[PDB]
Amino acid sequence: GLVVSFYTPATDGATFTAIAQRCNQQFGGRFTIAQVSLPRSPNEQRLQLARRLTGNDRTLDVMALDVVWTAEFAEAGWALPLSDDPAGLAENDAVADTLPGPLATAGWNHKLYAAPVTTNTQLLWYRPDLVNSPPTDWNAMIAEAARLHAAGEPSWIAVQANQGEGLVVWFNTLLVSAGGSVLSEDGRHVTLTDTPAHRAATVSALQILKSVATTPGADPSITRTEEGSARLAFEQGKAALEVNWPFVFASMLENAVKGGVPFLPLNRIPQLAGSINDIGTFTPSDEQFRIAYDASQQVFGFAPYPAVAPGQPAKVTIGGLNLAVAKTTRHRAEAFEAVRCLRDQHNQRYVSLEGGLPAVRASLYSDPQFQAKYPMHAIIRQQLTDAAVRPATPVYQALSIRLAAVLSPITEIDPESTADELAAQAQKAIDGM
């Protein structure tokens, strides 16, 4: 029958292809979901979609939107409100058994414009064979990287953050963790420097970025404008401390079994041979998972994101993907039906355990069979409960570009003057409304 296109980031395309294929057996030939890949960066994902939306591409049906695009797409009329479902089922489906942090990212002006499908929060990843105890705060992280550098041990702090959205994410986490915020609640004022408490938070966050950037043994790619991978730096043994999204867990086991992780040679364990399936994905039996996970715990551990203020947890910026129906669709009913299928319980288990993307369904975090294959479940749920959020604003794209340009390169941050430049550049973004 008809085709419901489903646009997703390319790096998630294989996972969402598998989910769509399952969702295609259950429609009785009524319609087919066809996954289509978007570029790698949040900005380029947005740009492709926005061009199809303003060009009235009537073949565009469902979109997996980064959480930061809700306000823009809702205000533009690009994402239909869930109340536009002709079946009247989308709003109830979106909220049922769904964690509240993800749902907050899918709303605008008191209505839902998307149904959460994946969430995200960054954890600390470390080498327990080199790091006795995982650092609990950023001053401790810096001390540990220095101690490692002294011992001729891998010394990079691998943070997912070059010159783009990931750097804004890192700054946002530090800033909110310190009690600050980029914008006011309504999104209409810049709050980086408008009170002494807010200025103090901004300066504290910038001090951490500068200190990490200039720790002995720091990654030489900080000043270069290339796009390194924190994930691969850690897997290659160049960092013993990494802060990153939880997909690094599935990557570590899979790549170790393929022989790509020097300090974790799971490829030499006979019981794991053939645990990579015919399309390249680690697909262990329960016993194979136990063997791989137990081996990995010697060289790979996880911990909460480091705090800014010692003694209480960080407030960690939330990420993820929300499913929206484009205003271009010719088939609203089928597009909202597809959204409900893509986020059902079975596909939520798959997106986390095979795809590495945290599920949004609250039940899974209380399910012992999920918890046994997703060992970071409790820290993830904790960090999703008191999450930092990036500012929700229709001019987010312009705001993020302006902030990233001030922050990068982080070796050049001067906390007091950089705080004023950040506030001035944020104001310019807000003024374009």
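C-alpha atoms forming the largest set that superposes within 1.5 Å between two forms make up the rigid core. The first residue of the shown sequence is 1; numbering continues from there.
*Asks:* Rigid core fitted first, then name the stretch among 342 to 350 and 307 to 315 whose C-alphas deviate most from the displayed form in 7 other deposited structures of this protein.
*Replies:* Of the two stretches, the larger average C-alpha offset in 7 other deposited structures of this protein falls on 342 to 350.
*Asks:* Once everything is fitted on the core, do the CA positions of 121 to 129 or those of 220 to 228 lie farther from the shown form in 7 other deposited structures of this protein?
*Replies:* Result of the core-fitted comparison in 7 other deposited structures of this protein: 220 to 228 deviates more.
*Asks:* On mean C-alpha B-factor from the PDB entry, just flag whether 242 to 250 or 183 to 191 is the higher one.
*Replies:* Looking at the record's C-alpha B-factors, the answer is 183 to 191.
*Asks:* 21 to 29 versus 415 to 423: which one carries the higher mean Cα B factor per the record?
*Replies:* Looking at the recorded C-alpha B-factors, 21 to 29 comes out higher on average.
*Asks:* So if I compare the CA B-factors in the entry for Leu272, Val203, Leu209, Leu167, which one is the largest?
*Replies:* Of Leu272, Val203, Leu209, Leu167, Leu272 has the highest C-alpha B-factor.
*Asks:* If you compare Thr118, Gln160, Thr317, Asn347, which has the highest Cα B-factor in the entry?
*Replies:* Spelled out: the listed residue with the top C-alpha B-factor is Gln160.
*Asks:* Going by the entry, which third of its chain does the Cα temperature factor of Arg51 land in?
*Replies:* Its C-alpha B-factor, which the entry lists for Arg51, ranks in the middle third among residues of this chain.
*Asks:* Ordered by C-alpha B-factor within the chain, which third holds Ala372? Give me lowest, middle or highest, please.
*Replies:* Highest third, going by the recorded CA B-factors of the chain.
*Asks:* Quick one: classify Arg381 as lowest, middle or highest third of the chain based on its Cα B-factor.
*Replies:* It belongs to the lowest third of the chain when residues are ordered by C-alpha B-factor.
*Asks:* Considering every modelled residue of the chain and its Cα B-factor in the PDB entry, is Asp61 in the lowest, middle or highest third?
*Replies:* Lowest third, going by the recorded CA B-factors of the chain.
*Asks:* Determine, from the deposited record, the chain-internal third of the Cα B-factor for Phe263: lowest, middle or highest.
*Replies:* For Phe263, the deposited C-alpha B-factor lands in the highest third.
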